[PDB]
Structure formats: structure tokens, C-alpha cells
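1. Enclosed are the sequence and the experimentally obtained structure.
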Amino acid sequence: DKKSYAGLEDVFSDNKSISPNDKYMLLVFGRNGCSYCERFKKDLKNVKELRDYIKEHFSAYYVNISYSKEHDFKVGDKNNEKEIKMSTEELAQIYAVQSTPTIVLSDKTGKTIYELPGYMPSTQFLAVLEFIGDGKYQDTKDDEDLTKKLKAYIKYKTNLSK
């Protein structure tokens, strides 16, 4: 049920239909009773810079693995895209979800750029979204390079909140 993220319907689109829609994609996997999922949602609610940025740059979906829905999952290139109807369990599985909240950030074709498996405080989390949303991930050479550049960028944004 959508009561999972009551009050955040301005951020999360209905997860019956999951795709980037000419935006970066943000997938949040959560569940009932997880204190980290609860803190993550308060940050989305109460940090305006975060809330605005997500709404500006991402198609965001909240998948509660406490339940089992079906999802039309549409990803891929302009010329060739695949739409598959799959269950909550099948969706979680393709992203190897094993803790909550797991956050998946993907490009406009639904190719995974980065995955975070845990709650991150809002200052750092916003820096991760910016790196992706402003396209800075593109100026990298591999996974080792993207990670170093990401970790550098988070530190800089951390210094910036003083």
C-alpha cells in the first residue's frame, strides 16, 4: 500500500509503472518497521533542498518489500526498450536487495549508475544525487574512478555545510 510513504506522494510516483521517463531514476527499497527507512523518509520530508532536488531531477519510486505487488518495469535505449511485468520479489532480486533501505540510482535509460545499501544522512545523500543528477558521473573512467570522484565530491559538500 501507498501508506508506506504517506505525505511523500509529491516525490514518489506510483510504482505500478517503473521507468526513468526522460529523468534519472531513483529506486528506494524499504520495508515496514525498519528504523532506517523511517529516518530516510523524514529527511525526504524535512530537508527542502533534498526534496526539491529529487523532484527536479529524478523519477522516484518507493518499493515496500513487506508486500507483493506487480510492477511494469520499463528500461532501455530510445531505440530499444523492454517493459516487463514483474513482482516486488523479482524486482528486489534483480537489484540483489538484502538490507534496507537500498537506494538505486540509474540513468535516463535505466542503466544502473550507483547503489547505496543503507541510510545516509541528508548532506551526504544530496551530494550523491547531485553527482548523478548534474551528470558528473560521466567524467569518469571506471567504477574505481567514479567511486573516488564520488567520495571526493561528498567530502567537499560536507565542508560546504559550515
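-> On my side now, so go ahead. Numbering: from 1, shown residues only.

2. Pull the contacting residues for residue 1.
-> 64, 67 (CB atoms under 8 Å, 6 or more residues apart in numbering). Any C-beta I mention is one placed from the backbone N, CA and C, and that applies to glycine too.

3. now swap in the one 3 residues further on and tell me
-> Listed by CB under 8 Å, 6+ apart, the contact partners of residue 4 are 30, 32, 62, 64, 66.

4. So it belongs to a strand, correct?
-> No. Secondary structure of residue 4 (DSSP: H, G, I helix; E, B strand; the rest coil): helix, not part of a strand.

5. ok so, going back, specify which member of the contacts of residue 4 is nearest to residue 24.
-> Relative to residue 24, the closest of the contacts of residue 4 is residue 62; by CB to CB it sits at 15.9 Å.

6. quick one: what helix or strand has that closest one in it?
-> Using DSSP states H and E, residue 62 maps to strand 58-64.

7. Against which helices or strands is that strand packed?
-> Helices and strands touching strand 58-64, by 3 or more CB pairs under 8 Å, 6 or more residues apart in numbering; DSSP states H and E, are strand 24-30, helix 88-94.

8. how about a cut-off of 7 Å?
-> strand 24-30 (3 or more CB pairs under 7 Å, 6 or more residues apart in numbering; DSSP states H and E).

9. quick one: strands adjacent to the strand it packs on?
-> Paired neighbours of strand 24-30 in the sheet (DSSP bridges): strand 58-64 (parallel), strand 102-106 (antiparallel).

10. Export those strands as JSON lines, with columns for mean neighbour count and distance to residue 136.
-> Listed next are the strands paired with strand 24-30 as JSON lines, based on neighbours: other CB atoms under 10 Å; distance: least, CB to CB, whole Å:
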{"stretch": "strand 58-64", "mean neighbour count": "23", "distance to residue 136": "15"}
{"stretch": "strand 102-106", "mean neighbour count": "21", "distance to residue 136": "12"}
